[PDB]
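Quick one, structure for this:
(one chain, ligands or ions: 1)
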Amino acid sequence: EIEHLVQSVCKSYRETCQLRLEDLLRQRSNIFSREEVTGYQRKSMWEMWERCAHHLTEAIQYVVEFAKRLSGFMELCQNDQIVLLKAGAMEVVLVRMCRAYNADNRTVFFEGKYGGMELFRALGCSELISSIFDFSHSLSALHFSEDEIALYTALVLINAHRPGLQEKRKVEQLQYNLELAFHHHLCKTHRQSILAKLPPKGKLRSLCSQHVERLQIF
Ligand SMILES: Cn1ccc2c(S(=O)(=O)N(CC(F)(F)F)c3ccc4c(c3)CCCN4C(=O)c3cccs3)cccc21
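Residues are numbered from 1 along each chain as shown. And now the structure:
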């Protein structure tokens, strides 16, 4: 039952989405004041990193939970579960971020209110911050439904081309079933148009790099 897989993926996302879409939307009117932005800008680069590291670690935890709830993920050997999540959990976090991005005014939900990219000045990777904002802006243009996000992010994670897989065929089978589910659903809703608009697999990989690794120090 591939319809069972669909329903399961969608439930797992609903249970682990971290922030409810209705709360994210309702809070769009809530914008960081100039004094609050200045307050963030005054923080040490080190403090901004530890705050961001904390929030990212928390977000990853929920992505791992999501994976553990996917029918068949738990059937994979432990080595492969680790390989897939090590490679893909942060990629899913970056995709999930688009829900918390408001294209109207180019702001992102951060610690309870919406702010623009200048809020993150203290991080000192303004090229990186700009790329994250641009990526989120690109995804927001797709107007993902919750279920499309569920199925798309499951496929970000369940990718049989990750180096180091011990049971590649098992992962291929799971990935293919999930692709069938996704493509079938998009076809029944006339949403085929989004596939061509998704970021190339290389874009997500490129963004998910040297900056977000070795955060143990934080
Ligand atoms: C605009 N925007 C919104 C949120 C936010 C935060 S955050 O702290 O709310 N946040 C944690 C989470 F969203 F998961 F909850 C977050 C987001 C991005 C990043 C990080 C954390 C770590 C820094 C870099 N960094 C990244 O490069 C990446 C992480 C994962 C893939 S790339 C930081 C920076 C820009 C942000």
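
and the gap between the residue in the chain positioned nearest to the ligand and residue 151?
Proximity of the chain to the ligand (CB to the nearest ligand atom) peaks at residue 59, 2.9 Å away. Where C-beta positions appear, they are placed from N, C-alpha and C, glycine not excepted. According to CB to CB, to the nearest Å, residue 59 stands 19 Å off from residue 151.

ok, now residue 79?
25 Å.

Could you say whether residue 18 sits in a helix, a strand or coil?
For residue 18, the secondary-structure state derived from DSSP: H, G, I helix; E, B strand; the rest coil is coil.

buried stuff in stretch 130-144?
132, 133, 135, 136, 138, 139, 140, 142, 144 (16 or more other CB atoms under 10 Å).

touching the ligand at all, that stretch?
Yes - on the criterion CB under 6 Å from any ligand atom, stretch 130-144 is in touch with the ligand at residue 132.

Other residues contacting that stretch?
Here stretch 130-144 makes contact (CB atoms under 8 Å, 6 or more residues apart in numbering) with 94-95, 97-99, 101-103, 106, 108, 117, 148, 152, 194, 197-199, 203, 207.

Would you mind checking those for buried ones?
94-95, 97-99, 101-102, 108, 148, 152, 194, 198-199, 207.

now, which of those lie within helices?
By the criterion of DSSP state H, membership of the buried ones among the contacts of stretch 130-144 in helices covers 94, 95, 148, 152, 207.

which one among those residues gets closest to residue 54?
residue 94 (17.0 Å; CB to CB).

measure the most far-flung residue of the chain relative to its centre to residue 189 for me?
Going by CA atoms, centre = their mean, the residue of the chain most distant from its centre is residue 35, 29.7 Å out. Computed with CB to CB, the distance linking residue 35 and residue 189 is 45 Å.

coming back round to it: take the buried ones among the contacts of stretch 130-144 and write them to a markdown table, including distance to residue 10.
Listed next are the buried ones among the contacts of stretch 130-144 as a markdown table, based on distance: CB to CB, whole Å:
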| residue | distance to residue 10 |
| --- | --- |
| 94 | 20 |
| 95 | 15 |
| 97 | 19 |
| 98 | 17 |
| 99 | 15 |
| 101 | 21 |
| 102 | 24 |
| 108 | 25 |
| 148 | 10 |
| 152 | 12 |
| 194 | 17 |
| 198 | 19 |
| 199 | 22 |
| 207 | 26 |
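
Show me the strands in this structure, by range?
101-102, 107-110, 113-115 (DSSP state E).
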